[PDB]
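Chains as they are written, first to last, in my numbering: chain F, 1 to 342; chain B, 1001 to 1108; chain A, 2001 to 2081; chain C, 3001 to 3037; chain U, 4001 to 4504; chain D, 5001 to 5037; chain H, 6001 to 6037; chain X, 7001 to 7034; chain W, 8001 to 8038; chain L, 9001 to 9188.
No residue lacks a Cβ here, since even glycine has one placed at the ideal position from N, Cα and C.
Heads up: the structure comes next, in structure tokens.
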Amino acid sequence: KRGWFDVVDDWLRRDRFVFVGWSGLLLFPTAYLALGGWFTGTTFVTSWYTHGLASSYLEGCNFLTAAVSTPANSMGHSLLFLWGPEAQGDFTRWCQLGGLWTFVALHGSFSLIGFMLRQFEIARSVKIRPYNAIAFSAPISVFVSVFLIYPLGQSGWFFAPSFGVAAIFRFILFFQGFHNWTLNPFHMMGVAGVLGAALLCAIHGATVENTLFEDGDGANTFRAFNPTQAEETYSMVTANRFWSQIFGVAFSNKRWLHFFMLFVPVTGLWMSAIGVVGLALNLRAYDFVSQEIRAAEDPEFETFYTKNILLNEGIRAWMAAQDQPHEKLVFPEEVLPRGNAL
Amino acid sequence: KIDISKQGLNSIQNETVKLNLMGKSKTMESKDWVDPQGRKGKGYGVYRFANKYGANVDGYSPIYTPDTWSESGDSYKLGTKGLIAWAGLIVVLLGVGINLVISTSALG
Amino acid sequence: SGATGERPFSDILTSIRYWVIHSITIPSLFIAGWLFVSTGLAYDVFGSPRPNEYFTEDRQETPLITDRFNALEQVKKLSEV
Amino acid sequence: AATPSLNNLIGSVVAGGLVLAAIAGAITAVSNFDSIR
Amino acid sequence: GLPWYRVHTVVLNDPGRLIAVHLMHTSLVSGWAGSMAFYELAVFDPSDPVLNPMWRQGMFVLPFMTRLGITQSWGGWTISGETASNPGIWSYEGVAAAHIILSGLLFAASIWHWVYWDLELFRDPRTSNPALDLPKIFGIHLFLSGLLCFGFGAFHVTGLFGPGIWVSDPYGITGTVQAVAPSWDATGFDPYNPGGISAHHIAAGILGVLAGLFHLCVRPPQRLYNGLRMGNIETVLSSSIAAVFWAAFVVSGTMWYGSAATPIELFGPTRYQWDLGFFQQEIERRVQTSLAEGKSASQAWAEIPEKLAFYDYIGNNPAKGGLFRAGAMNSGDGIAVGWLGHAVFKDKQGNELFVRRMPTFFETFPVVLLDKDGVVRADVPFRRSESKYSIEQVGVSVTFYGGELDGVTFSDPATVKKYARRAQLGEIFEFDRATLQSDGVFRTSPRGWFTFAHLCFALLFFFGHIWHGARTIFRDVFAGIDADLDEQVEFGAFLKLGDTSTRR
Amino acid sequence: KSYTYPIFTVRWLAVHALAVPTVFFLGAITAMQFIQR
Amino acid sequence: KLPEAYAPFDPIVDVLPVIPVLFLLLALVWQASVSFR
Amino acid sequence: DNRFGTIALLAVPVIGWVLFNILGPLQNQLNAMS
Amino acid sequence: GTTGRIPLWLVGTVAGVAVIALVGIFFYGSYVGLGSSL
Amino acid sequence: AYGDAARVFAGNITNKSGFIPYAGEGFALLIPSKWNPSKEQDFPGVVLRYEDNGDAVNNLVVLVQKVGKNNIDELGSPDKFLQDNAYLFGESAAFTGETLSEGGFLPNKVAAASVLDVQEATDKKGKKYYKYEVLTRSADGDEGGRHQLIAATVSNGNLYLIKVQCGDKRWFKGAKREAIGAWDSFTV
Ligand code: CLA
Ligand code: CLA
Ligand code: CLA
Ligand SMILES: CCCCCCCCCCCCCCCC(=O)OC[C@H](COP(=O)(O)OC[C@@H](O)CO)OC(=O)CCCCCCCCCCCCCCC
Ligand SMILES: CC1=C(/C=C/C(C)=C/C=C/C(C)=C/C=C/C=C(C)/C=C/C=C(C)/C=C/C2=C(C)CCCC2(C)C)C(C)(C)CCC1
Ligand SMILES: [Fe+2]
């Protein structure tokens, strides 16, 4: 006698092998298409007419160099639907126009929403706190700023990161040469977050494993544990005294330690996301003007910053001709900045 | 507490595999047992808090429980009739598959 | 622990019926993938150039899409063999 | 004065509804066919 | 003890002091607006509206006052450059003073609504506990929003009773505050049609009033009330934070891409006008038409407005600045003094060369001169050892048409290189780098700064939606989870997750 | 004592939604290894 | 190359050096056969 | 033309074989839940 | 019918060999045909 | 749909010669496979330019200029012809200062072209070719110098001149084959 919502809710939230839930209605369709779009694009779809490159296994690329490349810059920020004014219903021409990138980017962005809603959905059902969903906001902020916000501030989707291994590497090296992204204080906070989180993961895992209580007679200490055991498996007091005498400071609160393990990585990605938002507008921390004034006036003042500035000039000049074919940059070799010999 | 008899490991053919999947070792429970490295045991088994909780993590959540398997899976229902048809179908499809691969290639 | 009502994978992957059924289904999907490429259908469906189709007598350089609302017409001319 | 781009936008909205209707229809059918209690 | 990040949660269930706390932010925000306007008026130079506009002086709130109709100052000057005619109360100084006076009044009201928190108004008549009927309050405060939205578009923007809004010509040459008429057809949804603004705020105002009436009369569904936790005020915070970051993304997009609500005469050009050659195409078109009238190239270029040429300078591009290159665009490349005229580069044989303009993506860009068909003909070589295109061996000369250097021609390679470097930046202007000691590095306009600020706020406020949104739904487990939960969390114990009545 | 399980379930669709296309793609990529320029 | 007398046996030599890495896998499959006892 | 046909024709022996081995127990599942 | 079960370790071994064979073919194709620089 | 099948189990590469025959107006040559056409026009009369995909230093250019004579000898001796066309190797006109610190170069000079081979071959048809091999070095030391291969001939009052240049670093690494192969394929 239950209504549609109740009868459907019963089926969606059934405790099966792979939980579906209400958010699965949004996650699984979009996530499958984003996965399928990437695998299809890296296997058969070319980037010959968008970037002048081969980016599929069928064209001869391998896992490292295959990618689902962005549309041509002339497309601007066109959403590039299968039915849009570009590639009007023609599937094969849609693939040749780079429309598969916006397909993966859009259905992929809604999959991230669906997965984060899934974390809320399951946590409410299991009756626990929603801190895993809050932790997942950081990867979403990275995806939203890097794959959506940054190209939207630039000329078009062409400058978004293409979905591939080497394509991401080109995107990375583009940011050094054109944005000096290493010098940005927001990637610096992002690096500290990621490196700090990797440190915490390793240091906490090792500390627990080396302060374990003897709860068995076997050398294999993995078996001497029960998920329902009330006693702690490792000595926090020994762990605390160890790091107090080795490092000078140690965690004394188990709850604080695990929250810190969550705060460092999330805060890092969020800070890094702010910096990429700034690069979307070319609002970059490219240079220190005081040193540039000093260097120009004094031809003997050199720092590692000025050396990097010259490296960026080399990256921009030797990469623009092929990385930006829409600009039609024909640079004669004499005009390219080149050092002695080499 | 946990009952090891209702964990689905009761039909393991090998006793050692049955004990390993149960997280139990009668050999290590004795106080005169000696490690391969020469260390003598302290009287605990694989897990000291067992009995208090009923079992270790191995017995708490096994990943290989043949008791819960379907009995229909122990035998192929079609029997020799199906296998002969399966064997014949394999040969026919293998020949077609090879011919299709050869025909649709620049070979020769 | 416990189980969610599905048949254990170990049971299915050890049963004779599964291998009798998947000794044809999995091989057939592989051969279909092989024929999808060998018959040239992969090139035609997704438009990737054949190894002898990247350049033409008219165009000896990389293509460039320089139009948005006429991109469908333009990419046809660039892809013309 | 409906341009062909406008027609496809309307067609996409209708197609989106059909996809949603197909999803809801399948879920409601299975939910009713496979009901608890 | 209460953590430092939960201190302002004491007014969570105190409607009297929640108003007082919200009156204090309101007092500060209006206090900032008044303070910011007075500062800007103390630094703004209105002498040169064409070559020293507002957007080149780092003015942030001045364009927003000008956008709605404030154009005159008590000092006697007008933003257009004409002389003031009885400015009245609503000047730049008057509006600044009004936001300041309002700040003091809201400060006083905040003290009152804080001391007298225990009002019978905030008491539930059924339980006598402090409560707010949020579904009804929303209807009240939405009806006011619809009413105020309608009046702004029907009287203020429309011009029936009000000044109108700033409307500019497509190329930002001639822009004034005009009364715009609503455009009710499809062109009302053109972002660059100012008539859509009046039509929107009228129609959305009408629907806002009617929605306010509905949300004032019809009680929320029971199922929706529990699902959205409408009895919890933190639900309103989650949805408001969601709505405000939606609006921040939209308002950043229309600022970066341009619209009728962000005129380039007030906020500066957009980066896409330089990329797409929006101003350069117009300048060449006007020169070409004058050449069609049999006018000399020297006199055809002299006809080009200096304001139009100034837009064709890459230093006015909002995508050429830096995150920490603080200050006004005048502080970066100097104060524009005058146009030097169009520089046409000629080969020794007489063929005309064009300097490849610098794309926005490049901090530095090689200077290369192209002919009509796009072939490289000359450039400044980096390797001056076996060069084949150096302007010395091509004999490139530069002649200026219009502007200050009209008629003057340079042939020595040093000056030709100097102006070739200037030519890739667009039009060539003379800048004064002595008054403010400009460094020489470009800066972003208020268009760039507004976009960056409200994009960063929009991204940070998404986390606010998630956090405050997860707080209201998961309020019962904020201090921790229940002790005994294992039976419910078991895999396969129940057919439906959580539901204990669906035991397998 | 006796366990009878359903053959086709949500898990079945998930396994085949990913396995079927993968085996096809693996066959296609294997065919590409023998293509000569 | 090998001496001419050993030429027919060249293909066997071409696969010999990979045998030692097979012993690592042989130990793994040996442990799998005994159910990793 | 018929390139997609040929490939799709591989399904006819495949589906027939799977049905030859799963139809029975599939009906058992259908009846149990219906 | 025919009673019996395929041993799990045998399934892993054959599947493991097939995966290794598939990877080897991919590495073989890295040196021949398309993408080999030859 | 083209309908052509993939070259699975082909066994033969379409073109493994490393060169792609090119036919122009009154001339022909074998362009290296890896080189891409270039829109750059370094000199007057350029009708063809291909640069290497890897390094832009390795390029070939074919010039057709209206000399008006009928034989290459009518343009002078092989030594005289090369001196009259020294603009092909570039110029130092941009650098006009004086210097004494360029090791291995004459005073106030930063570049130097060293002529290694000056031969005067004749075509199988009979057309005489003035072939030249010159290594140009610079104070920058770029590529360790550049090898310039020049073959010129006068046909129909036109001077057909091919210039294949290759950086020294690429020359002794294997690019010599492509350069010499293209330089010895130029026929007018
Ligand atoms: C829940 C699953 C889901 C979701 C969220 C999306 C979401 C999206 N898809 Mg996708 N798609 C899906 C499933 C899904 N898809 C499936 C199952 C398939 C088949 C395999 C596809 C195949 C597909 C293709 C081929 C493409 C997309 C595209 C898109 C993007 C834009 C298309 C769009 O929404 O325009 C339309 C907007 C709407 C339909 C809004 C819907 C609002 C409701 C339904 C209105 C109700 C209509 C009803 C009749 C009332 C009438 C109102 C009246 C005023 C007319 C978008 C982000 C395009 C893309 O990738 O961009 C590059 C594209 O080309 N999808
Ligand atoms: C009588 C009251 C009053 C008046 C006439 C003004 C007038 C003005 N203010 Mg001020 N202000 C006021 C009160 C007032 N203010 C108060 C109480 C505060 C404290 C919060 C402020 C804080 C403030 C600041 C910080 C600033 C101003 C500024 C300005 C000037 C430009 C306004 C503008 O263009 O922004 C545009 C206004 C908007 C874009 C409002 C957008 C409305 C949003 C999008 C609502 C949408 C959601 C809505 C609920 C949808 C539902 C309804 C719908 C369904 C119908 C202008 C002269 C600016 C200035 O120039 O500095 C001097 C400036 O920066 N004011
Ligand atoms: C959305 C808010 C907003 C926006 C868009 C702007 C925009 C602008 N303001 Mg401004 N302003 C604001 C709020 C805002 N303001 C507020 C709230 C105040 C009160 C403090 C001021 C007070 C103010 C003054 C006094 C001046 C401006 C000026 C300007 C203009 C120059 C921009 C600039 O150089 O900033 C530069 C920004 C930076 C250099 C860094 C941005 C902040 C970073 C990214 C955050 C990093 C965290 C923090 C800095 C870490 C601190 C470390 C510690 C060592 C300091 C510009 C158009 C200047 C102007 O042009 O005069 C007309 C001017 O002098 N503003
Ligand atoms: C013998 C050689 C010593 C090696 C050097 C060790 C350096 C010690 C550095 C610790 C100082 C930081 C104090 C943290 C503040 C503090 O003392 O908190 C003390 C805190 C103890 O927390 P509790 O467990 O007591 O928490 C209980 C609750 O009340 C929490 O609020 O310890 C930690 O949080 C562990 C993290 C230590 C890791 C610190 C991060 C690395 C330091 C970064 C230094 C920056 C570089 C500066 C260069 C200029
Ligand atoms: C009482 C009263 C009075 C007076 C009043 C007044 C005097 C008012 C004003 C007040 C004021 C005068 C206010 C102001 C305020 C300010 C503000 C509120 C600001 C703040 C800032 C901020 C918040 C920022 C932050 C940041 C930075 C620093 C950096 C970057 C980033 C950012 C931007 C974020 C009167 C006479 C009327 C009478 C009646 C009574
Ligand atoms: Fe832990």
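| Query | Result |
| --- | --- |
| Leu-4105 of chain U beta carbon near ligand 2 (any heavy atom closer than 7 Å) | no |
| Inter-stretch contact (C-beta, 8 Å, three-pair minimum) for the segment 4433-4450 of chain U and the segment 4070-4078 of chain U | no |
| Continuous beta strand (DSSP E) stretch holding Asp-4432 of chain U: start and end | 4429-4432 |
| is_contact[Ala-5014 of chain D, chain A] using C-beta, thresh 8 Å | no |
| Three-way DSSP call (helix, strand, coil) for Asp-9052 of chain L in this model | strand |
| Identity of the residue in U:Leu-4497, U:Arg-4503, U:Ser-4501 nearest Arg-16 of chain F by Cα | U:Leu-4497 |
| When U:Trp-4090, U:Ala-4326, U:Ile-4019, U:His-4099 are compared against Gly-4058 of chain U, the one with the closest alpha-carbon | U:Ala-4326 |
| Chain-ordered neighbours of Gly-60 of chain F on chain W, where CB pairs are closer than 7 Å | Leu-8034, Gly-8035 |
| Residue interval of the alpha helix (DSSP H) (run including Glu-4392 of chain U) | 4391-4394 |
| Endpoints, the alpha helix (DSSP H) within which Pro-9078 of chain L is located | 9078-9084 |
| Chain A contact for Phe-5024 of chain D (CB, 8 Å cutoff) | yes |
| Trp-270 of chain F Cβ short of 7 Å to ligand 5 heavy atom set | no |
| Local conformation of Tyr-4192 of chain U per DSSP, three classes | coil |
| Distance, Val-7012 of chain X Cα to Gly-216 of chain F Cα | 58 Å |
| The segment 2030-2042 of chain A: positions lying closer than 7 Å to chain L by Cβ | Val-2037, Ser-2038, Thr-2039, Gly-2040 |
| Nearest to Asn-1056 of chain B (by Cα), restricted to the options B:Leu-1083, B:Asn-1020, B:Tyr-1076, B:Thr-1080 | B:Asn-1020 |
| Chain U contact for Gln-9041 of chain L (CB, 8 Å cutoff) | yes |
| 7 Å Cβ cut-off: residues of chain F touching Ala-5017 of chain D | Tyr-32 |
| Outcome for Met-7033 of chain X when other beta-carbon atoms lying within 10 angstroms are tallied against a minimum of 16 | exposed |
| N-terminal and C-terminal residue of the beta strand (DSSP E) that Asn-9158 of chain L is part of | 9158-9167 |
| Rounded C-alpha distance that separates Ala-5014 of chain D from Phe-2046 of chain A | 26 Å |
| Cross-strand partners of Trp-4339 of chain U (DSSP beta bridge) | U:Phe-4429 |
| Chain B residues whose Cβ lies nearer than 7 Å to that of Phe-9009 of chain L | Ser-1105, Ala-1106, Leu-1107 |
| Other residues of its chain near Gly-4162 of chain U: CB distance less than 6 Å, five sequence neighbours each side excluded | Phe-4155, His-4156 |
| C-beta neighbour in chain W for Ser-2010 of chain A, strict 8 Å | yes |
| Check: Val-4209 of chain U C-beta below 7 Å from any heavy atom of ligand 6 | no |
| Beta carbon proximity, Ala-9001 of chain L to chain B, threshold 8 Å | no |
| Simplified DSSP assignment, three categories, for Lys-127 of chain F | coil |
| Proximal residues to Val-4007 of chain U (C-beta, below 8 Å), its chain only, five neighbours per side dropped | none |
| Opposing strand residues paired with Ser-4397 of chain U [DSSP bridges] | U:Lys-4346 |
| Where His-9147 of chain L sits in the DSSP three-state scheme | strand |
| Close-in-space but distant-in-sequence residues of the same chain around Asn-9108 of chain L (CB under 7 Å, 5 per side omitted) | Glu-9098, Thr-9099 |
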